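Asker: The structure's right below; bear with me while I get my questions together.
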Amino acid sequence: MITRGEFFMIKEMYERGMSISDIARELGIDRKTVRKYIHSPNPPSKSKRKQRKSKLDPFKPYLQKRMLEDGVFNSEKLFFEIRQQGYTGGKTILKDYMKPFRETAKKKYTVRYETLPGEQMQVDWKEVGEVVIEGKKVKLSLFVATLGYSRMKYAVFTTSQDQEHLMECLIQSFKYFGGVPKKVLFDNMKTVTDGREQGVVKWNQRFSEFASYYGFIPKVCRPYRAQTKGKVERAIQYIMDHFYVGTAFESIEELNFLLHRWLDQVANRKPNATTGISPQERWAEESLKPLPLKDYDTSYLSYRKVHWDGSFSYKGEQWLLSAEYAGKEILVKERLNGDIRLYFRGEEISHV
Amino acid sequence: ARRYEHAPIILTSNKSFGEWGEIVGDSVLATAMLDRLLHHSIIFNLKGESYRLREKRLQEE
Amino acid sequence: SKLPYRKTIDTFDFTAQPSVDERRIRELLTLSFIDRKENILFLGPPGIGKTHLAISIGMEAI
DNA sequence: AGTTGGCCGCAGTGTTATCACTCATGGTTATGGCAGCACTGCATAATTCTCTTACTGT
Ligand SMILES: Nc1ncnc2c1ncn2[C@@H]1O[C@H](COP(=O)(O)OP(=O)(O)O)[C@@H](O)[C@H]1O
Ligand SMILES: [Mg+2]
């Protein structure tokens, strides 16, 4: 088992012409050993041995059954049990054998990553809570979109977290940043996925079409791990401890106006604590893909029938349609702003 | 063939009628499929470029 | 219907597709082909709006 | 005095040789039942429509 260096030295000194016996004398090795190593391929310094029997082998299946069906992980309890069965050794071997079965405590070290310019964006929601806006109880939610390289922040308040609202907020973010990223990171929302099909993710077909339309590649971090999108979560903490702490409002339009003004004043103006530069300069450094001229229409699409007289009803509303549109089927495109339009076989109805 | 002369079929694809034999790996089978699917039909051929990219790129100029 | 999404002729621009006549598609929207049992075929390069028109006509039928 | 066990006597069973009877097969003729086709009705299963529930992650 002469080590790498010893074997190299033996072979080299032997090939140099030095006599073998005095080589052995110099290196303090037996002459037979040195001579055998002369005609050897490479330094031998490794011995392979397979596993061997231990004391806790007969009890091992029983302990494994205890762990995997009774959920017992108390080394003292298992030791006391098996001691009656016949075991006589200490607990160290038991702990060593049982350690792999134990759950892996979550780490505390946190890797840091710096995405390339115009290469990544992050999105998330924040359930603000229930408020009485204009005498109406609604569930307010905050949508936050954080750029990855410039740390920009766009935000907007909404009353619902429907796929339509998500897509519209993404449109607003893309317009705000003057382009679309090459990658957009969400969490595992059903408006973007439909579960992990054996490790792989199954994208919602409509959302996949939307992404292919705007060209941005979706990504999802992982189940029950929000660290991977720390930028946007920390931006949420920033906004909810700086803007929505004492600000008072009565209309969501007013709140959104105040939020945009606040962002453009301080949030996207104050230099970041890590990049140490105003986010707008980095934004100017960003290179996002151009937006399409026509935005992906995100509006509720329903089919309704006009009554005999010509009175058409949608939600708690009523219209008066010409007699030619009575008893037929029409399309009611409801934009998220409340602009309802009526269509009949492509044509647009001048609804009264 | 079962839907032939019974119900309409809406087909959409980007491969010419000659490539069907290659796609299905059979010449006469594709020929018969097309003979039945094209008997009573209205074929629309769309000539242009990919909207999402080309149209926006050429109209933003 | 198992459509991947919902679209209609309203969101379709015939100026970007001037090669084919607009009137024929409007006629198809009358669903006269369902009685004649004629088959409707859309052929063109990728991304030119084939599936959009097909799904729009399917929506009109539904 | 009664019940059970043992011994004796009687009856039943097994093997070998012999005898008798019944059943099976083949050929011809006659009769009855079953099978096939057409039409109608009922029930069950499958399909369609509507509503509710389930699963996973935030
Ligand atoms: N003429 C058009 N007008 C409006 N939108 C269009 C048009 N052509 C394509 N699109 C958009 O492109 C998408 C349709 O592409 P599609 O025809 O499905 O390509 P493919 O047939 O290769 O799947 C839709 O999202 C649609 O909004
Ligand atoms: Mg979230």
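Each chain in the structure tokens gets a letter, A, B and so on, in the order shown; residues start at 1 in every chain, and ligands are counted from 1 in the order they appear.
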For chain C, which residues have at least one atom within 6 Å of chain B, if we go by only C-alpha atoms? Write them as a list in words, please.

Answerer: residues 37, 38, 39, 40, 41, 42, 43, 44, 45, 47, 48 and 50 of chain C

Asker: Restricting the output to C-alpha atoms, write the selected residues as a CSV table (one decimal), in the first residue's frame.

Answerer:
```
chain,number,residue,atom,x,y,z
C,37,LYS,CA,-72.6,19.0,-43.9
C,38,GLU,CA,-69.6,20.7,-45.7
C,39,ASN,CA,-66.2,20.6,-44.1
C,40,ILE,CA,-64.3,23.7,-43.3
C,41,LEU,CA,-60.5,23.7,-43.7
C,42,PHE,CA,-58.0,26.4,-42.6
C,43,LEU,CA,-54.5,26.0,-44.1
C,44,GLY,CA,-51.6,28.4,-43.6
C,45,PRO,CA,-48.3,29.0,-41.8
C,47,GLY,CA,-49.4,31.5,-35.9
C,48,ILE,CA,-51.6,33.0,-38.8
C,50,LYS,CA,-56.0,29.1,-37.9
```

Asker: Find the residues in chain A near chain D: any atom within 7 Å counts, using only C-alpha atoms (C1' of nucleotides). Write them as a list in words.

Answerer: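 For chain A, the answer reads residues 188, 189 and 195 of chain A.
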
Asker: State, in Å with one decimal place, the distance from CA of residue 131 (chain A) to CA of residue 248 (chain A).

Answerer: 11.3 Å

Asker: Using only C-alpha atoms and all ligand atoms, what table do you get, as CSV, when you list each residue of chain A with an atom no more than 7 Å from ligand 1, its nearest pair of atoms, and their distance in Å rounded to one decimal, rows by chain then rising number?

Answerer:
```
residue,atom,partner,partner_atom_place_in_ligand_line,distance
A:209,CA,ligand 1,25 (O),6.6
A:213,CA,ligand 1,25 (O),5.6
A:296,CA,ligand 1,27 (O),6.9
```

Asker: Please return as a PDB file with N, CA, C and O atoms, in the first residue's frame: the residues of chain C that backbone DSSP assigns to strand (DSSP E or B).

Answerer:
```pdb
ATOM      1  N   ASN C  39     -67.347  20.510 -45.007  1.00  0.00           N
ATOM      2  CA  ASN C  39     -66.219  20.577 -44.092  1.00  0.00           C
ATOM      3  C   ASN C  39     -65.430  21.856 -44.327  1.00  0.00           C
ATOM      4  O   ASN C  39     -65.247  22.287 -45.469  1.00  0.00           O
ATOM      5  N   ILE C  40     -64.963  22.461 -43.241  1.00  0.00           N
ATOM      6  CA  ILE C  40     -64.274  23.746 -43.286  1.00  0.00           C
ATOM      7  C   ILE C  40     -62.810  23.509 -42.958  1.00  0.00           C
ATOM      8  O   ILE C  40     -62.484  22.988 -41.884  1.00  0.00           O
ATOM      9  N   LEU C  41     -61.928  23.908 -43.870  1.00  0.00           N
ATOM     10  CA  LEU C  41     -60.497  23.675 -43.744  1.00  0.00           C
ATOM     11  C   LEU C  41     -59.756  25.004 -43.737  1.00  0.00           C
ATOM     12  O   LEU C  41     -59.944  25.829 -44.636  1.00  0.00           O
ATOM     13  N   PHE C  42     -58.915  25.199 -42.726  1.00  0.00           N
ATOM     14  CA  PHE C  42     -58.031  26.353 -42.631  1.00  0.00           C
ATOM     15  C   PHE C  42     -56.595  25.870 -42.786  1.00  0.00           C
ATOM     16  O   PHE C  42     -56.135  25.009 -42.021  1.00  0.00           O
ATOM     17  N   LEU C  43     -55.900  26.410 -43.784  1.00  0.00           N
ATOM     18  CA  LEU C  43     -54.527  26.034 -44.080  1.00  0.00           C
ATOM     19  C   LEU C  43     -53.679  27.288 -44.203  1.00  0.00           C
ATOM     20  O   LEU C  43     -54.047  28.224 -44.920  1.00  0.00           O
TER      21      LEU C  43
END
```

Asker: Pick out the residues no farther than 10 Å from ligand 2, counting only C-alpha atoms (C1' of nucleotides) and all ligand atoms, and list them as a PyMOL selection string.

Answerer: (chain A and resi 123-127+143-144+186-189+226+229+232-233) or (chain D and resi 57-58)

Asker: Grab the residues selected above and save them as a PDB file, in the first residue's frame with C-alpha atoms (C1' of nucleotides).

Answerer:
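out18.pdb, written as the output of this step:
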```pdb
ATOM      1  CA  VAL A 123     -45.074  37.946  -9.515  1.00  0.00           C
ATOM      2  CA  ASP A 124     -47.152  37.419  -6.393  1.00  0.00           C
ATOM      3  CA  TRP A 125     -50.391  38.195  -4.552  1.00  0.00           C
ATOM      4  CA  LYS A 126     -51.050  39.549  -1.058  1.00  0.00           C
ATOM      5  CA  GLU A 127     -54.465  39.086   0.555  1.00  0.00           C
ATOM      6  CA  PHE A 143     -50.668  42.206  -7.045  1.00  0.00           C
ATOM      7  CA  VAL A 144     -46.907  42.814  -7.060  1.00  0.00           C
ATOM      8  CA  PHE A 186     -44.960  32.592 -10.046  1.00  0.00           C
ATOM      9  CA  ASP A 187     -45.916  30.339  -7.179  1.00  0.00           C
ATOM     10  CA  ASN A 188     -48.073  27.244  -7.645  1.00  0.00           C
ATOM     11  CA  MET A 189     -51.382  28.958  -8.387  1.00  0.00           C
ATOM     12  CA  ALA A 226     -41.375  31.008  -1.122  1.00  0.00           C
ATOM     13  CA  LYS A 229     -39.056  34.505  -5.022  1.00  0.00           C
ATOM     14  CA  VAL A 232     -41.323  40.107  -4.577  1.00  0.00           C
ATOM     15  CA  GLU A 233     -42.188  38.889  -1.072  1.00  0.00           C
TER      16      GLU A 233
ATOM     17  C1'  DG D  57     -51.341  24.977  -3.115  1.00  0.00           C
ATOM     18  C1'  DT D  58     -51.279  29.778  -1.514  1.00  0.00           C
TER      19       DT D  58
END
```

Asker: Any idea which chain A residues end up within 10 Å of chain C if we count only C-alpha atoms, as a ChimeraX atom specification please?

Answerer: /A:204-210,213,294,296-297,300-303,329-331,333,343-348

Asker: Selection from above, C-alpha atoms, as a PDB file, in the first residue's frame, can you write it?

Answerer:
```pdb
ATOM      1  CA  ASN A 204     -53.045  25.785 -17.544  1.00  0.00           C
ATOM      2  CA  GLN A 205     -53.883  25.730 -21.240  1.00  0.00           C
ATOM      3  CA  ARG A 206     -55.312  29.253 -21.383  1.00  0.00           C
ATOM      4  CA  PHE A 207     -52.421  30.685 -19.368  1.00  0.00           C
ATOM      5  CA  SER A 208     -49.935  28.779 -21.521  1.00  0.00           C
ATOM      6  CA  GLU A 209     -51.544  30.316 -24.606  1.00  0.00           C
ATOM      7  CA  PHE A 210     -51.312  33.743 -22.969  1.00  0.00           C
ATOM      8  CA  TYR A 213     -48.733  35.094 -26.997  1.00  0.00           C
ATOM      9  CA  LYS A 294     -52.984  44.556 -29.394  1.00  0.00           C
ATOM     10  CA  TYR A 296     -54.569  39.844 -25.027  1.00  0.00           C
ATOM     11  CA  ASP A 297     -58.255  40.556 -24.460  1.00  0.00           C
ATOM     12  CA  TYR A 300     -65.537  37.829 -19.432  1.00  0.00           C
ATOM     13  CA  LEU A 301     -67.197  36.213 -22.459  1.00  0.00           C
ATOM     14  CA  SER A 302     -70.750  34.942 -21.981  1.00  0.00           C
ATOM     15  CA  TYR A 303     -73.515  33.924 -24.370  1.00  0.00           C
ATOM     16  CA  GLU A 329     -78.130  34.431 -29.123  1.00  0.00           C
ATOM     17  CA  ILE A 330     -75.629  37.223 -28.483  1.00  0.00           C
ATOM     18  CA  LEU A 331     -72.200  37.591 -26.893  1.00  0.00           C
ATOM     19  CA  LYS A 333     -68.028  40.912 -23.664  1.00  0.00           C
ATOM     20  CA  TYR A 343     -71.900  41.217 -30.365  1.00  0.00           C
ATOM     21  CA  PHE A 344     -74.106  39.297 -32.802  1.00  0.00           C
ATOM     22  CA  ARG A 345     -72.276  37.120 -35.344  1.00  0.00           C
ATOM     23  CA  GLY A 346     -69.254  39.427 -35.349  1.00  0.00           C
ATOM     24  CA  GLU A 347     -71.316  42.594 -35.650  1.00  0.00           C
ATOM     25  CA  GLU A 348     -71.612  45.025 -32.741  1.00  0.00           C
TER      26      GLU A 348
END
```

Asker: Nearest to chain B: which of A:299, A:318, A:227, A:212 is it, counting only C-alpha atoms?

Answerer: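 Using only C-alpha atoms, chain B sits closest to A:212.
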
Asker: Neighbouring residues of region 36-40 of chain A were defined as those with any atom within 8 Å, considering only C-alpha atoms (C1' of nucleotides); residues of the same chain fewer than 5 positions away were excluded. Please report them as an NGL selection string.

Answerer: :A and (7 or 10-11 or 14)

Asker: Could you turn the residues from that selection into a file that holds N, CA and C atoms, as a PDB file, in the first residue's frame?

Answerer:
```pdb
ATOM      1  N   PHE A   7       5.037   5.299  -4.753  1.00  0.00           N
ATOM      2  CA  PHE A   7       5.098   4.515  -5.982  1.00  0.00           C
ATOM      3  C   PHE A   7       5.745   5.308  -7.109  1.00  0.00           C
ATOM      4  N   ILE A  10       9.462   5.277  -6.442  1.00  0.00           N
ATOM      5  CA  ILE A  10      10.074   3.979  -6.715  1.00  0.00           C
ATOM      6  C   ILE A  10      10.255   3.794  -8.215  1.00  0.00           C
ATOM      7  N   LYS A  11       9.183   4.017  -8.978  1.00  0.00           N
ATOM      8  CA  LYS A  11       9.255   3.794 -10.417  1.00  0.00           C
ATOM      9  C   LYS A  11      10.271   4.725 -11.061  1.00  0.00           C
ATOM     10  N   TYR A  14      13.921   3.824 -10.042  1.00  0.00           N
ATOM     11  CA  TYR A  14      14.311   2.583 -10.699  1.00  0.00           C
ATOM     12  C   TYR A  14      14.598   2.808 -12.179  1.00  0.00           C
TER      13      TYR A  14
END
```

Asker: I'd like the neighbourhood of region 241-247 of chain A as a ChimeraX atom specification, where a residue qualifies if any of its atoms comes within 12 Å (using only C-alpha atoms (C1' of nucleotides)), though same-chain residues fewer than 2 positions away should be ignored.

Answerer: /A:126,128-129,140-142,155,157,234-239,249-250,254-256,258-263,265-267

Asker: Would you output that residue set with N, CA, C and O atoms, as a CSV table (one decimal), in the first residue's frame?

Answerer:
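The resulting file, part.csv, is shown below:
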```csv
chain,number,residue,atom,x,y,z
A,126,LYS,N,-51.0,39.3,-2.5
A,126,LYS,CA,-51.0,39.5,-1.1
A,126,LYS,C,-52.5,39.8,-0.7
A,126,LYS,O,-53.1,40.8,-1.0
A,128,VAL,N,-54.8,41.4,1.3
A,128,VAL,CA,-54.8,42.5,2.3
A,128,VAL,C,-55.8,42.2,3.4
A,128,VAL,O,-55.5,42.3,4.6
A,129,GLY,N,-57.0,41.8,3.0
A,129,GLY,CA,-58.1,41.5,3.9
A,129,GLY,C,-59.4,42.0,3.4
A,129,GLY,O,-59.6,42.2,2.2
A,140,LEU,N,-59.9,42.6,-0.5
A,140,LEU,CA,-58.8,43.4,-1.3
A,140,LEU,C,-57.6,42.5,-1.4
A,140,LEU,O,-57.1,41.9,-0.4
A,141,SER,N,-57.0,42.5,-2.6
A,141,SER,CA,-55.8,41.8,-2.9
A,141,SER,C,-54.8,42.7,-3.6
A,141,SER,O,-55.2,43.6,-4.3
A,142,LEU,N,-53.5,42.5,-3.3
A,142,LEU,CA,-52.5,43.3,-3.9
A,142,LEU,C,-51.6,42.5,-4.8
A,142,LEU,O,-51.1,41.4,-4.4
A,155,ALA,N,-47.3,47.6,-8.7
A,155,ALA,CA,-48.3,47.0,-7.9
A,155,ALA,C,-49.6,47.5,-8.3
A,155,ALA,O,-49.7,48.6,-8.9
A,157,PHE,N,-54.0,47.1,-6.8
A,157,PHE,CA,-55.0,46.5,-6.0
A,157,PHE,C,-56.2,46.0,-6.8
A,157,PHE,O,-56.5,46.6,-7.8
A,234,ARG,N,-40.4,40.4,-0.3
A,234,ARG,CA,-39.8,41.5,0.4
A,234,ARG,C,-40.4,42.8,0.0
A,234,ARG,O,-40.6,43.7,0.8
A,235,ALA,N,-40.7,42.9,-1.3
A,235,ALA,CA,-41.3,44.1,-1.9
A,235,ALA,C,-42.8,44.2,-1.3
A,235,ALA,O,-43.2,45.3,-1.0
A,236,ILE,N,-43.4,43.1,-1.1
A,236,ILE,CA,-44.7,43.1,-0.5
A,236,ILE,C,-44.6,43.6,0.9
A,236,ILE,O,-45.5,44.3,1.4
A,237,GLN,N,-43.6,43.1,1.7
A,237,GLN,CA,-43.4,43.6,3.0
A,237,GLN,C,-43.2,45.1,3.0
A,237,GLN,O,-43.8,45.8,3.9
A,238,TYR,N,-42.4,45.5,2.1
A,238,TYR,CA,-42.1,47.0,2.0
A,238,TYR,C,-43.4,47.8,1.8
A,238,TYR,O,-43.6,48.7,2.5
A,239,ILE,N,-44.2,47.3,0.8
A,239,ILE,CA,-45.4,48.1,0.5
A,239,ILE,C,-46.4,48.0,1.6
A,239,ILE,O,-47.0,49.1,1.9
A,249,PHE,N,-58.6,55.5,2.4
A,249,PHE,CA,-59.1,55.6,1.1
A,249,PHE,C,-60.6,55.2,1.1
A,249,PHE,O,-61.1,54.6,2.1
A,250,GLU,N,-61.3,55.6,0.0
A,250,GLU,CA,-62.7,55.2,-0.1
A,250,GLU,C,-63.0,54.6,-1.5
A,250,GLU,O,-64.1,54.0,-1.6
A,254,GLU,N,-58.8,55.6,-6.4
A,254,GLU,CA,-58.0,56.5,-5.6
A,254,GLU,C,-56.8,55.8,-5.0
A,254,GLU,O,-55.7,56.3,-5.0
A,255,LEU,N,-57.0,54.6,-4.5
A,255,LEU,CA,-55.9,53.8,-3.9
A,255,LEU,C,-54.8,53.5,-4.9
A,255,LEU,O,-53.6,53.6,-4.6
A,256,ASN,N,-55.3,53.1,-6.1
A,256,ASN,CA,-54.3,52.7,-7.2
A,256,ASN,C,-53.5,54.0,-7.6
A,256,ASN,O,-52.3,53.9,-7.9
A,258,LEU,N,-52.9,56.6,-5.8
A,258,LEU,CA,-51.9,56.9,-4.7
A,258,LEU,C,-50.7,55.9,-4.7
A,258,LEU,O,-49.6,56.3,-4.5
A,259,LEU,N,-51.0,54.7,-5.0
A,259,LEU,CA,-50.0,53.7,-5.0
A,259,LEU,C,-49.0,53.9,-6.2
A,259,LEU,O,-47.8,53.8,-6.0
A,260,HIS,N,-49.5,54.2,-7.4
A,260,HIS,CA,-48.6,54.5,-8.5
A,260,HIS,C,-47.8,55.8,-8.2
A,260,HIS,O,-46.6,55.8,-8.5
A,261,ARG,N,-48.4,56.8,-7.6
A,261,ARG,CA,-47.6,58.0,-7.3
A,261,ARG,C,-46.5,57.7,-6.3
A,261,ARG,O,-45.4,58.1,-6.4
A,262,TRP,N,-46.9,56.9,-5.3
A,262,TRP,CA,-45.9,56.6,-4.2
A,262,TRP,C,-44.8,55.7,-4.8
A,262,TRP,O,-43.6,56.0,-4.5
A,263,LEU,N,-45.1,54.8,-5.7
A,263,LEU,CA,-44.0,54.0,-6.3
A,263,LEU,C,-43.1,54.9,-7.1
A,263,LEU,O,-41.9,54.9,-6.8
A,265,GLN,N,-42.5,58.0,-6.9
A,265,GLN,CA,-41.9,58.9,-6.0
A,265,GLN,C,-40.7,58.3,-5.2
A,265,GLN,O,-39.6,58.8,-5.4
A,266,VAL,N,-41.0,57.3,-4.5
A,266,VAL,CA,-40.0,56.7,-3.6
A,266,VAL,C,-39.6,55.3,-3.9
A,266,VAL,O,-38.4,54.9,-3.9
A,267,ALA,N,-40.6,54.4,-4.2
A,267,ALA,CA,-40.3,53.0,-4.3
A,267,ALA,C,-39.4,52.7,-5.4
A,267,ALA,O,-38.4,51.9,-5.2
```

Asker: Give me, please, the distance in Å between CA of residue 221 (chain A) and CA of residue 240 (chain A), quoted to one decimal.

Answerer: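 Pair CA of residue 221 (chain A) / CA of residue 240 (chain A) returns 23.0 Å.
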
Asker: Considering only C-alpha atoms (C1' of nucleotides), return as number ranges by chain whatever protein or nucleic-acid residues lie within 9 Å of residue 18 (chain B), sequence-local ones (same chain, fewer than 3 positions apart) excluded.

Answerer: B: 15, 21-22, 30-31

Asker: Which parts of region 18-55 of chain C does DSSP call helix (DSSP H, G or I) when run on the backbone here, written out as a PDB file with N, CA and C atoms, in the first residue's frame?

Answerer:
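Generated output (result03.pdb):
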```pdb
ATOM      1  N   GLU C  22     -63.255  38.442 -46.404  1.00  0.00           N
ATOM      2  CA  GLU C  22     -63.922  38.543 -45.111  1.00  0.00           C
ATOM      3  C   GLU C  22     -65.365  38.062 -45.192  1.00  0.00           C
ATOM      4  N   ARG C  23     -66.031  38.300 -46.325  1.00  0.00           N
ATOM      5  CA  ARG C  23     -67.454  38.000 -46.418  1.00  0.00           C
ATOM      6  C   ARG C  23     -67.718  36.509 -46.249  1.00  0.00           C
ATOM      7  N   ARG C  24     -66.819  35.665 -46.758  1.00  0.00           N
ATOM      8  CA  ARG C  24     -67.028  34.223 -46.666  1.00  0.00           C
ATOM      9  C   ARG C  24     -67.063  33.764 -45.214  1.00  0.00           C
ATOM     10  N   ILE C  25     -66.180  34.310 -44.376  1.00  0.00           N
ATOM     11  CA  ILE C  25     -66.164  33.925 -42.968  1.00  0.00           C
ATOM     12  C   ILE C  25     -67.451  34.369 -42.288  1.00  0.00           C
ATOM     13  N   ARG C  26     -67.905  35.585 -42.594  1.00  0.00           N
ATOM     14  CA  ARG C  26     -69.169  36.058 -42.044  1.00  0.00           C
ATOM     15  C   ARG C  26     -70.311  35.140 -42.458  1.00  0.00           C
ATOM     16  N   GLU C  27     -70.291  34.674 -43.709  1.00  0.00           N
ATOM     17  CA  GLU C  27     -71.298  33.722 -44.164  1.00  0.00           C
ATOM     18  C   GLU C  27     -71.217  32.423 -43.374  1.00  0.00           C
ATOM     19  N   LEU C  28     -70.001  31.931 -43.134  1.00  0.00           N
ATOM     20  CA  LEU C  28     -69.847  30.734 -42.315  1.00  0.00           C
ATOM     21  C   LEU C  28     -70.463  30.939 -40.940  1.00  0.00           C
ATOM     22  N   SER C  32     -74.632  27.979 -42.111  1.00  0.00           N
ATOM     23  CA  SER C  32     -75.276  27.294 -43.224  1.00  0.00           C
ATOM     24  C   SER C  32     -74.552  26.009 -43.594  1.00  0.00           C
ATOM     25  N   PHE C  33     -73.279  25.878 -43.216  1.00  0.00           N
ATOM     26  CA  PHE C  33     -72.527  24.669 -43.523  1.00  0.00           C
ATOM     27  C   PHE C  33     -72.988  23.478 -42.697  1.00  0.00           C
ATOM     28  N   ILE C  34     -73.597  23.714 -41.534  1.00  0.00           N
ATOM     29  CA  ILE C  34     -74.044  22.603 -40.702  1.00  0.00           C
ATOM     30  C   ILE C  34     -75.138  21.821 -41.409  1.00  0.00           C
ATOM     31  N   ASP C  35     -76.014  22.511 -42.139  1.00  0.00           N
ATOM     32  CA  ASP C  35     -77.053  21.827 -42.898  1.00  0.00           C
ATOM     33  C   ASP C  35     -76.469  21.116 -44.112  1.00  0.00           C
ATOM     34  N   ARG C  36     -75.584  21.791 -44.848  1.00  0.00           N
ATOM     35  CA  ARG C  36     -74.961  21.188 -46.018  1.00  0.00           C
ATOM     36  C   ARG C  36     -73.970  20.091 -45.660  1.00  0.00           C
ATOM     37  N   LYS C  50     -55.196  30.278 -37.535  1.00  0.00           N
ATOM     38  CA  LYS C  50     -56.043  29.149 -37.907  1.00  0.00           C
ATOM     39  C   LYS C  50     -56.933  28.727 -36.744  1.00  0.00           C
ATOM     40  N   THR C  51     -56.311  28.305 -35.642  1.00  0.00           N
ATOM     41  CA  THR C  51     -57.071  27.828 -34.494  1.00  0.00           C
ATOM     42  C   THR C  51     -58.024  28.893 -33.977  1.00  0.00           C
ATOM     43  N   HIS C  52     -57.639  30.166 -34.069  1.00  0.00           N
ATOM     44  CA  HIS C  52     -58.522  31.236 -33.618  1.00  0.00           C
ATOM     45  C   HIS C  52     -59.842  31.203 -34.378  1.00  0.00           C
ATOM     46  N   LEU C  53     -59.771  31.182 -35.711  1.00  0.00           N
ATOM     47  CA  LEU C  53     -60.985  31.158 -36.519  1.00  0.00           C
ATOM     48  C   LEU C  53     -61.772  29.875 -36.299  1.00  0.00           C
ATOM     49  N   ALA C  54     -61.077  28.740 -36.214  1.00  0.00           N
ATOM     50  CA  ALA C  54     -61.782  27.479 -36.013  1.00  0.00           C
ATOM     51  C   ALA C  54     -62.561  27.499 -34.705  1.00  0.00           C
ATOM     52  N   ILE C  55     -61.924  27.957 -33.627  1.00  0.00           N
ATOM     53  CA  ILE C  55     -62.596  27.997 -32.336  1.00  0.00           C
ATOM     54  C   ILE C  55     -63.717  29.026 -32.350  1.00  0.00           C
TER      55      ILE C  55
END
```

Asker: Which neighbours of residue 162 (chain A) fall inside 8 Å, counting only C-alpha atoms (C1' of nucleotides), when residues of the same chain fewer than 3 positions from it are skipped, and could you give them as a ChimeraX atom specification?

Answerer: /A:165-166,191

Asker: Using only C-alpha atoms, determine which residues of chain A fall within 8 Å of chain B; present them as an MDAnalysis selection string.

Answerer: chainID A and resid 213:214 292:293

Asker: Put those residues in a file: N, CA and C atoms, as a tab-separated table (two decimals), in the first residue's frame.

Answerer:
```
chain	number	residue	atom	x	y	z
A	213	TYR	N	-48.34	33.90	-26.26
A	213	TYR	CA	-48.73	35.09	-27.00
A	213	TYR	C	-47.80	36.25	-26.68
A	214	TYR	N	-47.52	36.47	-25.39
A	214	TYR	CA	-46.59	37.53	-25.03
A	214	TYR	C	-45.14	37.08	-25.04
A	292	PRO	N	-46.69	43.49	-27.86
A	292	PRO	CA	-47.56	43.45	-29.04
A	292	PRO	C	-48.48	44.65	-29.08
A	293	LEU	N	-48.87	45.03	-30.30
A	293	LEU	CA	-49.72	46.21	-30.46
A	293	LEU	C	-51.07	46.02	-29.78
```

Asker: Would you pick out the contacts of residue 170 (chain A) at 10 Å or less, using only C-alpha atoms (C1' of nucleotides), so that residues sharing its chain but fewer than 2 positions from it are not included, and give the list as a ChimeraX atom specification?

Answerer: /A:123,143-145,154,164-168,172-176,180,184
